[PDB]
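Counting neighbours? That spans all protein chains shown, and the Cβs are built from the backbone with ideal geometry, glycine included. Quick note: the coordinates plus some simple rules give every number you see, no bench work behind them.
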Amino acid sequence: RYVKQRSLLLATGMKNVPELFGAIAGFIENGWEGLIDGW
Amino acid sequence: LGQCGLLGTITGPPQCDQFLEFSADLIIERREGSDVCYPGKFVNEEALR
Amino acid sequence: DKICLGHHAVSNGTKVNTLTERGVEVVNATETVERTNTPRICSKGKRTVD
Amino acid sequence: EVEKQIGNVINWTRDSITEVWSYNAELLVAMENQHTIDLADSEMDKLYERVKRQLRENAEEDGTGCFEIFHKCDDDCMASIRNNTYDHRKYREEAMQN
Amino acid sequence: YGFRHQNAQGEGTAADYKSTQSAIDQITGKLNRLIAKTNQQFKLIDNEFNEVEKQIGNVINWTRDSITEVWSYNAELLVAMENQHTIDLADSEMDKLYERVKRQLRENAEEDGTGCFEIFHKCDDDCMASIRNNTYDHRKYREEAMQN
Ligand SMILES: *[C@@H]1O[C@H](CO)[C@@H](O)[C@H](O)[C@H]1NC(C)=O
Ligand SMILES: *[C@@H]1O[C@H](CO)[C@@H](O)[C@H](O)[C@H]1NC(C)=O
Ligand SMILES: *[C@@H]1O[C@H](CO)[C@@H](O)[C@H](O)[C@H]1NC(C)=O
Ligand SMILES: *[C@@H]1O[C@H](CO)[C@@H](O)[C@H](O)[C@H]1NC(C)=O
Ligand SMILES: *[C@@H]1O[C@H](CO)[C@@H](O)[C@H](O)[C@H]1NC(C)=O
């Protein structure tokens with residue numbers, strides 16, 4: 001279908017923290033590169 | 001265009017005489033705008049308007 | 001005693017459009033609008049008359 | 001050159017249809033960003049809800065996401081909560097005094 | 001939001017700082033994406049003074065009504081999420097406050113039911129100036145909070 005705008009997107013997962021309940025950087029406020037398989 | 005009708009600007013009936021060669025970014029036409037003076041109509045006139 | 005924890009992180013995310021915000025740090029995206037045509041009439045499998 | 005009046009109607013209908021599909025384009029994306037946040041949230045409580053159940057009188061809740069084990073724990077003890085083989089009846093006489 | 005302490009000195013309704021204005025910050029964001037940008041120009045397909053032909057005029061009216069029914073349908077769906085998008089911000093501050101208050105005072109509370117912490121030690125005004133602005137020493141007062 002024809003459209004006017006020239007880019008529209010998606011994701012796979014997490015909003016990113018550099019080192020709707022508040023879990024990504026919450027009281028666990030931080031991230032990793034410690035484990036490397038999952039999130 | 002007031003009492004001029006917008007298809008009269010290429011014919012010039014006697015109320016479009018101040019309008020024959022206008023130049024506008026907004027044309028305005030009125031309910032009392034009669035496109036003609038001699039009674040008649042333009043064929044396929046909504047393509048022309 | 002104390003056995004501490006967290007979760008992962010990565011070092012580059014990119015923009016998106018929400019309802020209420022512009023340009024977040026989100027890891028991926030892909031275009032939903034294709035811009036790149038194939039500049040040739042691809043007619044395998046159809047008998048074709050140019 | 002299709003005729004001007006229908007050509008106007010076609011262009012007006014195509015533009016109107018264009019305005020509809022383009023309007024619909026930008027609403028589909030905003031939920032998928034939302035549909036990714038919850039999965040971190042629904043795992044965050046999942047981990048939170050798991051860790052307070054397998055070790056019963058053996059913790060106080062933290063603020064950093066880290067439990068303080070109320071008894072001695074070496075590597076053979078590390079192999080009990082990680083793979084669902086912890087005996088939370090056997091170590092409770094000594095975790096009350098710690 | 002709010003901060004409130006009360007003691008044997010006085011009574012006060014204060015503010016607790018690290019999110020208290022931030023109810024502008026996603027609240028400023030909703031509204032221009034919503035009060036959006038219209039840029040397409042629409043011409044004059046039909047005439048209100050004299051009579052486009054009936055068949056195309058029916059097609060125009062049917063197409064305009066059909067388009068009208070689409071835009072009117074789309075009108076009433078945009079609003080219902082924004083009511084939802086306001087409830088979460090009270091919720092995401094409610095746990096934020098809840099998650100803050102159990103961390104700065106460690107062995108100094110039992111959780112309430114009314115949203116009120118019972119401080120396990122003596123606290124006057126100089127003690128009120130410790131948790132409110134992130135200057136509380138939760139190592140120093142713990143020998144006496146275990147006995148209370
Ligand atoms: C993101 O999308 C790209 C698209 O090609 C894919 O190759 C990649 O595996 C995805 N994930 C990450 C973490 O980059
Ligand atoms: C309809 O719009 C196109 C642009 O996509 C333009 O080239 C064409 O001349 C228009 N047709 C009429 C009849 O105005
Ligand atoms: C941990 O659990 C797995 C099954 O999930 C089991 O096979 C294994 O023997 C357990 N212990 C260790 C030390 O891996
Ligand atoms: C189209 O609907 C309008 C009402 O908006 C009406 O005045 C007009 O007569 C209709 N046109 C035809 C050709 O039926
Ligand atoms: C509270 O914190 C502020 C900074 O946020 C600091 O300047 C001030 O000295 C502290 N104490 C009092 C009593 O305001």
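Of all residues in chain A, those that are within 16 Å of ligand 2 (Cβ to nearest atom) and among the polar types (S, T, N, Q) total 0. For D:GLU19, the test of being within 11 Å of chain E (Cβ to nearest Cβ), assigned to a loop (DSSP other than H, G, I, E, B) and not polar (S, T, N, Q) is failed. So, E:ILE35, is that one within 14 Å of chain C (Cβ to nearest Cβ) and either aliphatic (A, V, I, L, M) or touching a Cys at 6+ places or on another chain (Cβ under 6 Å) (or both) or not? Spelling it out, E:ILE35 is indeed within 14 Å of chain C (Cβ to nearest Cβ) and either aliphatic (A, V, I, L, M) or touching a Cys at 6+ places or on another chain (Cβ under 6 Å) (or both).
Going by what's in this entry, would E:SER130 be described as among the small types (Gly, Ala, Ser) and within 12 Å of chain D (Cβ to nearest Cβ)? Against the criterion (among the small types (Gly, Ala, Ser) and within 12 Å of chain D (Cβ to nearest Cβ)), E:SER130 does not qualify.
Going by what's in this entry, would D:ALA25 be described as away from ligand 3 (no atom under 16 Å from the Cβ), surrounded by 13 or more Cβ atoms within 10 Å (Cβ to Cβ), within 30 Å of E:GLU69 (Cα to Cα) and over 24 Å from the mean Cα position of the chain (by Cα)? Spell out the reasoning first.
On the way: away from ligand 3 (no atom under 16 Å from the Cβ): yes; surrounded by 13 or more Cβ atoms within 10 Å (Cβ to Cβ): yes; within 30 Å of E:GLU69 (Cα to Cα): yes; over 24 Å from the mean Cα position of the chain (by Cα): yes.
So D:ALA25 fits the description; yes.
Of everything listed in (1) surrounded by 13 or more Cβ atoms within 10 Å (Cβ to Cβ); (2) closer than 30 Å to E:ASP88 by Cα; (3) more than 20 Å from the chain's Cα centre (by Cα), the single unmet condition for D:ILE81 is (2).
Quick check: anything in the range D:41-62 away from ligand 3 (no atom under 16 Å from the Cβ), in a helix (DSSP H, G or I) and more than 22 Å from E:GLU99 (Cβ to Cβ)? Quick ask: steps written out before the conclusion?
Looking only at the range D:41-62, we keep the residues that are away from ligand 3 (no atom under 16 Å from the Cβ), and these are D:41-49, D:51-53, D:55-62.
In the following step, the residues that additionally are in a helix (DSSP H, G or I) were identified as D:41-49, D:51-53.
Right, trim to more than 22 Å from E:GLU99 (Cβ to Cβ) and you get none.
No: zero hits.
The set of residues from the range C:1-38 being more than 16 Å from ligand 1 (Cβ to nearest atom), more than 7 Å from chain A (Cβ to nearest Cβ) and either assigned to a loop (DSSP other than H, G, I, E, B) or over 30 Å from E:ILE35 (Cα atoms) (or both) comprises C:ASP1, C:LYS2, C:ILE3, C:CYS4, C:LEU5, C:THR18, C:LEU19, C:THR20, C:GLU21, C:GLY23, C:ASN37, C:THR38.
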